[PDB]
Every structure is written in structure tokens, then in C-alpha cells.
Amino acid sequence: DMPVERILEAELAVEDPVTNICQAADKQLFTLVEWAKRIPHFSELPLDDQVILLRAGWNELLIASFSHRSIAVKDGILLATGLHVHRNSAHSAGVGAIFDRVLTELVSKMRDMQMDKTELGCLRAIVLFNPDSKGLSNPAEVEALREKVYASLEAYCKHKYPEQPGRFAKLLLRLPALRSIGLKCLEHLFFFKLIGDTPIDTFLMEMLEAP
Amino acid sequence: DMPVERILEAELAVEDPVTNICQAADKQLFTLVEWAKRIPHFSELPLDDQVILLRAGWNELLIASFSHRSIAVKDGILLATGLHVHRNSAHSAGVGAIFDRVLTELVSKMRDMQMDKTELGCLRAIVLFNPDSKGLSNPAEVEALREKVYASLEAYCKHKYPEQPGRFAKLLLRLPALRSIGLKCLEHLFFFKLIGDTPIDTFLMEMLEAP
Amino acid sequence: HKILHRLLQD
Amino acid sequence: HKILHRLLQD
Ligand SMILES: CCN(c1ccc(OCC(C)C)c(C(C)C)c1)c1ccc(C(=O)O)cn1
Ligand SMILES: CCN(c1ccc(OCC(C)C)c(C(C)C)c1)c1ccc(C(=O)O)cn1
């Protein structure tokens with residue numbers, strides 16, 4: 001069974017501007033491990049596959065987190081360190097393109113549909129249970145876990161919001177934008193690591209190391 | 001109204017190895033224009049937005065086409081030019097990584113669920129009606145068109161395959177893999193254009209030009 | 001975008 | 001992957 005209550009409890013239990021952004025990403029990587037342990041059946045998987053899933057989705061998992069957190073603000077994002085990075089601050093630092101993509105494709109769309117924390121956790125659970133991750137000892141088991149998550153999500157949507165029959169599909173159609181924004185974010189992190197002008201902490205550095 | 005019959009009719013009306021692949025991509029760009037004109041309400045949009053949608057989705061639209069065409073074969077892809085590019089041929093040409101991603105994440109998964117041509121067209125219609133495309137004069141209208149497509153798709157799935165309640169969500173969860181594979185494909189096309197060792201035809205060259 | 005424009009109008 | 005391994009076992 002995959003109850004949406006535990007998924008929501010997992011979210012509620014864990015909840016130069018580029019330098020401030022990288023420090024917040026490192027802090028949330030420690031928090032991401034605690035979040036994944038509270039997702040049902042994740043800890044029961046082999047320990048090697050838990051590494052594979054977290055190393056493959058940490059980028060999209062953390063991006064979905066602060067994008068939904070940034071619903072409160074209108075022209076910026078809310079870092080987990082309590083700091084706010086404004087539109088113009090990211091633009092003045094030369095990273096306004098990906099910042100605008102986060103605001104228009106993710107934050108504003110999350111604000112438009114009033115995506116609740118249960119729907120956010122179910123989407124992050126779907127990202128976590130990625131059966132296409134290379135090296136999985138049993139990708140069909142991870143695929144079965146993903147199916148139980150969006151089954152509980154569709155039931156939650158048709159029960160909590162029965163007046164919106166297309167809300168379930170509208171939630172899943174943000175994952176392609178989450179995937180593309182995540183890949184562009186990895187390019188930025190690799191570029192700053194290659195040049196070495198931005199300090200990158202240990203956990204964030206470990207996630208950028210090659211498999 | 002967005003009937004799945006016309007969407008299927010749109011699919012049925014249009015239906016060094018790297019050099020052979022690029023030639024097939026150019027030929028299908030002419031076919032993609034004919035396909036989009038048969039999708040309901042696409043031609044009614046402003047002519048500038050039709051360019052924006054096709055220039056933004058042509059990569060994912062063409063990738064979904066040959067991936068579903070390649071269901072017949074098991075270790076390769078079927079080009080529209082009647083030629084078959086095998087696993088080892090792509091590997092021997094140095095492009096085996098993205099080729100394996102197409103086979104495992106797209107072709108094999110399409111074969112596993114027996115994705116029919118109606119479900120393929122509805123997914124390509126969802127990719128076509130991308131409301132996040134930059135420059136759209138009325139992105140809410142494109143967003144409304146996307147909502148009518150996956151509404152007709154969910155009804156088609158719960159009618160044609162009522163024994164699979166999660167089939168509708170399983171179809172949409174291939175779009176993130178389609179988005180990431182599409183971006184990696186664009187990197188390859190830019191790299192071959194930059195070096196200039198692979199002949200690129202006019203329509204394929206036009207799609208690689210900057211906006 | 002000359003080729004895409006010419007094919008869409010016809 | 002030393003940091004991720006140590007946090008998952010605890
Ligand atoms: C995915 C990791 N990442 C994160 C890492 C890098 C980012 O830009 C890339 C360049 C500009 C440095 C961003 C956004 C500003 C796009 C987010 C973060 C950062 C903060 C938080 C957080 O505060 O919760 C979560 N993830
Ligand atoms: C998206 C445009 N593209 C297309 C373009 C490039 C590709 O590799 C990139 C490098 C290896 C050249 C591939 C795949 C082999 C991944 C497909 C094609 C090619 C053929 C057809 C077709 O025959 O229908 C459709 N799209």
C-alpha cells in the first residue's frame with residue numbers, strides 16, 4: 001500500500017547569489033536523505049538502489065521543493081537558508097535564463113493550480129521511483145512502486161478535487177518541464193565546478209562526481 | 001471538441017549511420033508539417049504560433065515517431081527512409097549511448113505496453129500543444145488545447161483498456177524521458193553542425209538555427 | 001525560418 | 001559516493 005498520508009508527512013517532516021544557491025543545495029541534500037527514508041517502501045529497497053535513485057533524482061527532487069516553496073513570493077525563489085534570490089539578482093549574476101524558466105514553468109504554474117503539499121510529495125515520490133535509472137538491480141520493482149504512487153495520487157485528486165477531472169494529468173505534465181530544467185541546472189553546476197570560481201560543498205560536490 | 005479519431009487519422013495519413021539518420025530527420029520535418037495540419041484546431045492558431053510550436057517540439061515529435069515505428073525490431077530503429085540502424089552500427093559510429101537510451105526508455109517501453117497509434121498521436125499532440133513555448137501570443141489557448149487532448153486520451157484509455165486503470169498515467173510518464181532524450185539529441189545535432197563533418201540538409205539546418 | 005513558413009501557408 | 005552511503009545506513 002502507498003498511502004498519501006505518509007507521503008505528506010514526509011514533506012511536513014522536512015519542511016554573488018550563485019554562492020548562496022549552491023550552499024542551500026548542499027544543505028538540502030542532507031534533508032533529501034531524511035525525506036526519502038520517510039517515503040513508504042523506499043528503505044526496504046537494496047541499499048545500492050537507494051543510492052542510484054537519489055543520485056539520479058536529487059536535482060529534480062530539490063528543484064520541485066524550492067519551486068513549491070517559492071509560491072509565497074512572486075518574483076524570486078525562497079532558499080531553504082531563509083534567503084530570497086530575486087529575479088534581478090539572478091539576472092545580475094548572469095543566471096537569469098534558467099531562473100526565469102523556474103518561475104514561469106514551475107513556480108507560477110504551481111501557484112496557478114494551488115498545488116498542495118500532498119500533490120507535491122506524490123510528484124517527488126514519482127521522481128524518486130524512477131525505473132529508468134541505470135544500474136537498478138530490479139527496475140520492475142521500482143516501476144511497481146511508481147505505479148502505486150500515481151495510483152494513490154489520482155485517487156487523492158479525484159477525491160479532494162472532484163471538480164477538476166484533468167488535475168491529475170495536469171500535475172504529471174509538469175514533470176517534463178522539471179526534467180528539462182533539471183538538466184540545465186546540472187550544466188550550470190558542472191560549469192561552476194569546472195571553472196572553480198564558486199565554492200561547492202562536499203555533498204553537492206559528491207553528487208556531481210561521475211558514476 | 002478534440003476527437004481521437006482525427007488524431008489517429010493524422011498518424012495514419014503520414015505513416016556512417018549518422019549521415020543516414022540526419023537525412024531521415026530532414027525528410028520527416030516535411031512530413032511533420034503535414035501531420036500537424038491534420039491535428040484538430042492547430043491550423044486555426046495564429047501562423048506565428050504554429051511556427052513556435054513546431055520549432056519547439058519537432059525534436060520530441062520526430063523521436064516519438066521512429067521510436068514507436070521501431071517496435072517491430074528489437075535491437076535497432078527503423079528510419080523513415082526504409083533503412084535500419086542497428087545497435088552495433090550506432091555503437092560503431094560513437095553514438096551508442098543515446099541510441100541505447102532510445103531503445104530502453106522509449107522503444108522497449110512502448111513495446112511492453114503495446115502502445116497503439118491512437119495513444120501515440122495523442123502524446124504527440126500533447127507535445128505539439130506545449131503552452132510553455134516561449135513567444136506564444138496566447139499560451140492559455142495552447143494550454144486549453146493540450147487539456148482537450150489528454151482529456152480525450154484518458155477517455156480513450158479507460159474505454160479501450162478498462163482493465164488498466166494506470167495506463168493513462170503510464171503514457172504521460174514517458175514524456176519526461178522523451179524530453180531528456182530530445183535535449184541530448186539536440187546536443188548531438190549541434191555538435192555535428194559545429195564540426196561540419198556530417199552533411200545536414202536545409203530543413204534540418206533551419207530547425208537548428210537560433211531563434 | 002523560411003522553409004517552415006512556406007510549408008505552413010500552403 | 002561516501003556521504004550518501006553514510007547517511008542512508010544510519
Ligand atoms: C537542485 C539544487 N538547487 C539548485 C542548484 C542550482 C540552481 O541554479 C543553478 C546555478 C544558477 C547555480 C538552482 C536554481 C537557482 C535554478 C537550484 C537547489 C538550491 C536550493 C534549494 C533549496 O533552497 O531548497 C534546493 N535546490
Ligand atoms: C529527431 C530527429 N531524428 C533524429 C536525429 C538524430 C538522432 O540521433 C542524433 C545523432 C546520433 C545524429 C536520432 C536518433 C538516432 C537518436 C534521431 C530523427 C531521425 C529519423 C527519424 C525518422 O526516420 O522518422 C525521425 N527523427
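To find a chain, count down the sequence lines: A is the first, B the second, and so on, and within it residues start at 1. For ligands, and for the atoms within them, numbers begin at 1 and follow the listed sequence. Hydrogens, waters and symmetry mates play no part in the numbers below; they use all other heavy atoms, side chains included.
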Interfacing atoms of ligand 2 (cut-off 4.0 Å, heavy-atom, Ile63(B)) = 1 (C)

Does NZ belonging to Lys134(B) count more than 12 external heavy atoms closer than 6.0 Å?
-> yes

Side-chain touch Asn20(A)/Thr81(A), heavy atoms, less than 4.5 angstrom = no

Spacing of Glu209(A) atom CD and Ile3(D) atom CD1 [to the nearest 0.5 Å] | 8.0 Å

Of all the non-hydrogen atoms in the protein, which one sits nearest to atom 12 (C) of ligand 2, and at what distance?
-> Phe192(B) CE1, 3.5 Å

For atom 23 (O) of ligand 2, what is the nearest protein heavy atom, given as residue, atom name and distance?
-> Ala80(B) N, 2.8 Å

Hey, looking at atom 24 (O) of ligand 2, which of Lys184(B), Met207(B), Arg69(B), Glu187(B) has the closest heavy atom?
-> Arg69(B)

Protein residue, atom and distance nearest to atom 18 (C) of ligand 2, heavy-atom basis | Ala25(B) CB, 3.7 Å

Around atom 5 (C) of ligand 2, find the nearest protein heavy atom and jot down its residue, atom name and distance.
-> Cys185(B) SG, 3.6 Å

Report the nearest protein non-hydrogen atom to atom 13 (C) of ligand 2: residue, atom name, distance rounded to 0.1 Å.
-> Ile21(B) CG2, 3.7 Å

What protein heavy atom sits nearest atom 26 (N) of ligand 1, and how far away is it?
-> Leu62(A) CB, 3.4 Å

Per the side-chain hydrogen bond (donor to acceptor under 3.5 Å, both in side chains) rule, which among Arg174(B), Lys109(B), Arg101(B) passes with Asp132(A)?
-> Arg174(B)

For the residue pair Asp26(A) and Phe203(A), what are the closest heavy atoms and their distance?
-> OD1-N, 3.0 Å

Side chain to side chain, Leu123(A) and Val149(A), heavy atoms closer than 4.5 Å | no

At under 4.0 Å between heavy atoms, what of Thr198(A) touches ligand 1? The answer is neither

Ranked by distance from atom 17 (C) of ligand 1, the top protein heavy atom is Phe66(A) CE2, 3.5 Å

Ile77(B) near ligand 2, heavy-atom distance under 4.0 Å?
-> yes

For ligand 2, find out whether one of its N or O atoms is nearer than 3.5 Å to an N or O atom of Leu79(B).
-> no

Residue portion contacting ligand 1 (non-hydrogen atoms closer than 4.0 Å) for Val95(A) = side chain

Which ligand 2 atoms are under 4.0 Å away from a heavy-atom of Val18(B)?
-> 12 (C)

Interatomic spacing from CZ in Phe66(B) to CD1 in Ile77(B) - rounded to 0.5 Å | 4.5 Å

